[PDB]
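# Topology and contacts: notes
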There are 2 protein chains.
Amino acid sequence: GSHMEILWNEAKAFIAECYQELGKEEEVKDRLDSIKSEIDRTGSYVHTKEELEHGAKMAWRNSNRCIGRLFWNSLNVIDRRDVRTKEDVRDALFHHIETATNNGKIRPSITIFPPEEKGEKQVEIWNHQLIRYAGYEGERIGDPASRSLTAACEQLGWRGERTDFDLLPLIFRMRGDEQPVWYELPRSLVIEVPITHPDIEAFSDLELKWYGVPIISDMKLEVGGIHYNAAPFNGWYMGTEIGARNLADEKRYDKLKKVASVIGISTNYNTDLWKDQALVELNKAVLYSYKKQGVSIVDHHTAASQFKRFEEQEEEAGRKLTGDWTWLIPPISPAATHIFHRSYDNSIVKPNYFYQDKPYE
Amino acid sequence: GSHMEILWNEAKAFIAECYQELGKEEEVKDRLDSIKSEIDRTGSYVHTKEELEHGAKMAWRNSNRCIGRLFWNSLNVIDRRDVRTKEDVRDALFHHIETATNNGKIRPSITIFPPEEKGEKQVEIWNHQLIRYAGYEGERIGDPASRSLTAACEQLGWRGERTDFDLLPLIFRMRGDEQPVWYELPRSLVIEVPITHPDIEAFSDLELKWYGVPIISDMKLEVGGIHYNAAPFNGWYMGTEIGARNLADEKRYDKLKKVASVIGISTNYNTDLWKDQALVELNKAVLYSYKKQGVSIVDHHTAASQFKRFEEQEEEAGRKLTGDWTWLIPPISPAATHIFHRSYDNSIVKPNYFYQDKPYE
Ligand code: HEM
Ligand code: HEM
Ligand SMILES: Nc1nc2c(c(=O)[nH]1)N[C@@H](CNc1ccc(C(=O)N[C@@H](CCC(=O)O)C(=O)O)cc1)CN2
Ligand SMILES: Nc1nc2c(c(=O)[nH]1)N[C@@H](CNc1ccc(C(=O)N[C@@H](CCC(=O)O)C(=O)O)cc1)CN2
Ligand SMILES: N=C(NO)NCCC[C@H](N)C(=O)O
Ligand SMILES: N=C(NO)NCCC[C@H](N)C(=O)O
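A brief structural summary.

Definitions and limits used
- Residues numbered from 1 in each chain as written, not as in the entry; some residues may be left out.
- Chains lettered and ligands numbered in written order.
- Heavy atoms only, no water.
- Residues with missing side-chain atoms left out of burial classes, pairs and counts.
- Least-squares fit on C-alpha atoms.
- Contact = heavy atoms within 4.5 Å.
- Buried < 20%, exposed > 50% of the residue type's maximum accessible area, 1.4 Å probe, protein only.
- Helix = DSSP H or I, 4+ residues; strand = E, 2+ residues; numbered from the N terminus.
- Pairing = 2+ DSSP bridges.
- Right-handed = clockwise from strand over helix to strand, strands pointing away.
- Donors = N, O, S within 2.8 Å, 3.2 Å for Na, K, Ca; no water.
- Polar contact = N/O pair within 3.5 Å; in protein donor to acceptor, adjacent residues only side chain to side chain.
- Axes fitted to C-alpha atoms, helices over the stretch in contact; angles between N-to-C directions.

## A word on the relation of the copies chain B and chain A
Expressed as a screw transformation, the operator carrying chain B onto chain A has a rotation angle of 180° and an axial translation of 0.0 Å, and the superposed copies differ by an RMSD of 0.0 Å. In symmetry terms, the pair is related by a two-fold rotation axis. In this assembly, 100% of the residues forming the interface of chain B have copies in chain A that are likewise at the interface, indicating an isologous arrangement.

As structure tokens, then:
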């Protein structure tokens, strides 16, 4: 009833906007009639290869919390709407890691899986990221942010070595199955980068490492009323995500005191700004390490400079800019970037990527 | 008409809330009747010494953009509602600088001047801060943020030496005068701190300095419908205000490249994070310098820790916490503080301090 009404309204808005950008404004009338006939016949509609390719690109362009939006039009869209089995999903996810990694020269990619038909999912990915470390809790072992997913993987038969860097398996549920299935990640497929410093030799004693590619796999892509609940995407890392958050937060790896110890500074006084000096050296180390291994990474100053060119190009194209200031500012030296000194409209424009409820927890 | 209605409604709300906090809940009825008779007779009402003292304190407690709110109840309120002449205002402002500075052991203070009667001001302060540096523009000399006020002071007969650190004069307008008057600041009254580093001797070559006390003098204090347009206040500096903003911003003193030069690092690559390393050393230098001279200052980690205790105490007292995340987070290492990892309600609660239009410009 109301579901078929919402679907048609978002479709009219998308096709018109999409074809206007692609230079196919005359093809709107004939396509919208075919879509109306399809919604009445089946209860949904299927996007063309050109439609979802541009829809996923527009969705990136509309992502308020993303600083890397300058490269929106270079997104490599992999169409996997043909998947039917758990083996097909596994091979598609393995392929995504391989092609996106590209021996270090990271290609911004997205794999599109079959969308929701009548509100029910065809493929449901449980992983936050395709490549992520496990977390356990005695004392804290691994990534605390991965605790609930690790406990869910363990309830399914998976068991990790209990090191600080255990790779979580791929865990997803197919339509018709009550519970999900899991597959361990081949070590050859996952590129990891050991963290070293360019001047301080003792930094390697910390035995820190991180994976090369952030592949968010739990977000819903919405394109013209069609909900793609399973559509993993990736860009490359901004150094601060690893050195100022993943390895620095008290609720994550909490390495600042240990970093301060190896760089030869005291942790006695807040006034010595040891945390700040530790953050600078850890972040310098992350950028050096990824570069030395030939794995794509960007520092926060270059990323902000790239985002400035995006703001300029959006104005030149006539589109309104939307952004979330609280997320666009880097967690290290935000006032040294232009982002800090201006405001952004936090309006949600469709197509976009959205948060969806976690099946575990 | 509507002005006498707004005044009575804010007065009822304030007196009830104020006396409930002071343990004088029975005295509300008798005081509110006297206020009703006063609004009908004159068109306004006069606060008691206890009323505005607590009103200025509550106003600090409600300041969303302030991280130093833990010390709200220790505010030293100076009542100068007795001022009539320009000499009286000058002596009150000189007294404020002296008593607030307190030979370096800064006392959080506020001087209350006569409020607006029928929408018109009795005393109008033009200075953003009582102690502030001039700005001119060839090339950039001084503080760019002070350009318009400097040009307004010059149009009145004032002339500075054109150094990077010229002290602006006190500039204010009395009721009945079309234009403001100015008074040069006595050098003995203004404490300035030369910036040096604890380990790097070459830092003094930059010849950087800053004043000791930030006395905001252009904000309106609103207490129970009564608008105190002239009520200068001060706390002490948080190091980041000087080292990460005043001396670091591109639109302010823009010293990062020069700091990078004296600390021996290259400004070639964004990936070396020279800006971040420069910020850490400049900020370490600011904290050391103020401490060495015996001038009160707080680092961002200690200030955030103090603000956490404020959040706890507000909950313990039963009051709702209001805050502006965009301003509460320090511009250096925000993710190393608790402020970054939580949300705040940005609702405006009265009594408060507000922005008012600049008479110049
Ligand atoms: C070109 C490389 C890219 C860079 C440098 C970049 C960088 C970032 C950064 C720094 C964040 C914040 C991360 C955090 O704080 O957790 C972010 C968020 C986000 N990015 Fe990008 N990004 C890139 C590519 C992509 C791509 C390829 C897409 C989509 C097709 C995308 C979609 C988003 C979304 C939706 C968020 C929000 C995630 C959330 O809410 O947790 N990004 N990105
Ligand atoms: C105890 C020492 C104090 C410290 C450490 C402190 C610190 C701060 C900081 C770091 C800011 C942001 C400054 C900026 O970014 O420009 C701020 C803003 C503010 N503070 Fe406090 N503060 C203190 C005392 C006071 C006092 C005594 C009052 C009021 C009676 C007050 C009222 C405010 C207000 C209204 C703002 C906003 C100013 C604006 O919007 O420009 N502060 N404070
Ligand atoms: N890159 C990046 N930036 C981040 C986070 C991140 O993981 N990555 N995580 C965030 C930590 N947690 C929050 C969550 C919500 C809010 C928040 O909501 N703040 C304003 C919102 C103001 C507004 O826009 O309306 C407020 O109301 O207080 C602030 C910090 C902050 N910024
Ligand atoms: N200490 C401190 N913090 C600051 C500034 C400061 O001088 N001092 N100056 C600020 C620089 N300029 C702005 C002004 C407004 C906004 C702003 O408005 N941001 C959100 C507001 C979200 C919200 O709360 O609704 C937005 O809509 O984009 C952001 C930066 C930022 N933070
Ligand atoms: N850089 C990108 N997208 O390309 N980042 C996404 C979120 C990743 C998450 N912050 C992490 O550290 O794993
Ligand atoms: N620390 C306080 N209030 O006590 N600061 C107020 C604003 C001062 C302004 N940021 C400056 O640097 O001059």
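## Section: the pairing of strand β2 (residues 109–112) of chain B
All names here are of chain B. Alternating residues of β2 divide into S109 and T111 and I110 and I112, and every residue in both groups is buried. Two strands pair when backbone bridges link them, and strand β1 (residues 76–79) and β2 are joined in this way by 4 bridges, in the parallel orientation. Note on β2: the bridge partner recorded for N76 is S109. A crossover links β1 with its parallel partner β2, the connecting element being helix α4 (residues 86–101), and its sense is right-handed. Bridge count between β2 and strand β13 (residues 233–234): 2 bridges; the pairing is antiparallel.

## Re the coordination of the iron atom of ligand 1
Here the protein supplies the iron atom of ligand 1 with just one donor, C66 of chain A (SG), and that contact is 2.5 Å long. Looking at the secondary structure, you find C66 of chain A in the loop between α3 (49–61) and β1 (76–79).

## Points about the environment of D88 of chain B
Here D88 of chain B shows up in helix α4. Within the local environment of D88 of chain B, its side chain forms a polar contact with the backbone nitrogen of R84 of chain B, the two atoms lying 3.3 Å apart.

## Here's the deal with the environment of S296 of chain B
Residues and elements named next belong to chain B. Inspection of the secondary structure assignment puts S296 in the loop between α8 (274–292) and β15 (297–298). Discounting chain neighbours no more than four positions away, the residues touching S296 are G104, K105, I106, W236, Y237 and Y290. Engagement of the side chain of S296 in a polar contact is seen with the backbone nitrogen of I106, the distance being 3.3 Å.

## Quick notes on the sheet that holds strand β2 (residues 109–112) of chain A
All names here are of chain A. Across the sheet, which stays open at both edges, the 4 strands sit in the order β1-β2-β13-β10 with mixed pairing between neighbours. The sheet is open, and its two borders are formed by β1 and β10 (215–216), each paired with just one other strand. Contacts from helix α4 (residues 86–101) reach β1, β2, β10 and β13 (233–234), with the element oriented near 165° to β2.

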